[PDB]
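In: Can you look at this? It's an experimental structure, sequence on top.
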Amino acid sequence: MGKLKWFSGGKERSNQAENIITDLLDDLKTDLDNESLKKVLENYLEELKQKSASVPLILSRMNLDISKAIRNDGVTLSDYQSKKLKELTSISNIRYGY
């Protein structure tokens, strides 16, 4: 929301994850594979917008949310997908939870 633009990376670690999620969302647009899964990325992505929940506090649950969504509807993340997943993975402090 707002005057958002395209950005690879930067000092803003919080805004970083938000930008990443937006990526998959693009190709996911009117996708044939994932249709309901996007609900996770989109929803979680909105969390970062709020100043209540912590960036790394929401991202941690994300992995636990998407992962479960896999076996659910037998979803499969593409190469770039699974790769971009490791993004907020290393940034998030809650890595042991996984």
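Out: Received, thanks. Numbers count the residues shown, from 1 in each chain.
In: C-terminal to the longest helix along the chain, what's the next element?
Out: Identified as the longest helix of the chain according to DSSP state H is helix 55-73. Counting by DSSP states H and E, the next helix or strand C-terminal to helix 55-73 is helix 79-91.
In: Report whether the expected contact of residue 20 with residue 88 is present.
Out: Yes. Residue 20 is within contact range of residue 88, at 6.6 Å (criterion: C-beta atoms under 8 Å). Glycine gets a C-beta too; all of them are placed from N, C-alpha and C.
In: higher neighbour count, those two?
Out: A direct count of neighbours by other C-beta atoms under 10 Å for residue 20 and residue 88 places residue 88 higher, at 23 against 20.
In: list the contacts for the more buried one?
Out: Residue 88 makes contact with 16-17, 20, 56, 59, 62, according to C-beta atoms under 8 Å, 6 or more residues apart in numbering.
In: Just among the residues you listed, which is most surrounded?
Out: The residue in the contacts of residue 88 with the most neighbours, by other C-beta under 10 Å, is residue 59 (25 neighbours).
In: Grab the nearest non-local neighbour of the spatially most central residue of the chain.
Out: With distances taken as C-alpha atoms, centre = their mean, the chain has residue 21 as the residue nearest its mean C-alpha position (4.1 Å). Leaving out its chain neighbours, the residue that sits closest to residue 21 by C-beta to C-beta, 6 or more residues apart in numbering is residue 45, at 4.4 Å.
In: ok, that neighbour to residue 17 distance?
Out: 8 Å (C-beta to C-beta, to the nearest Å).
In: And residue 37, by the same measure?
Out: Taking C-beta to C-beta, one finds residue 37 at 17 Å from residue 17.
In: and if you look at residue 59?
Out: 6 Å.
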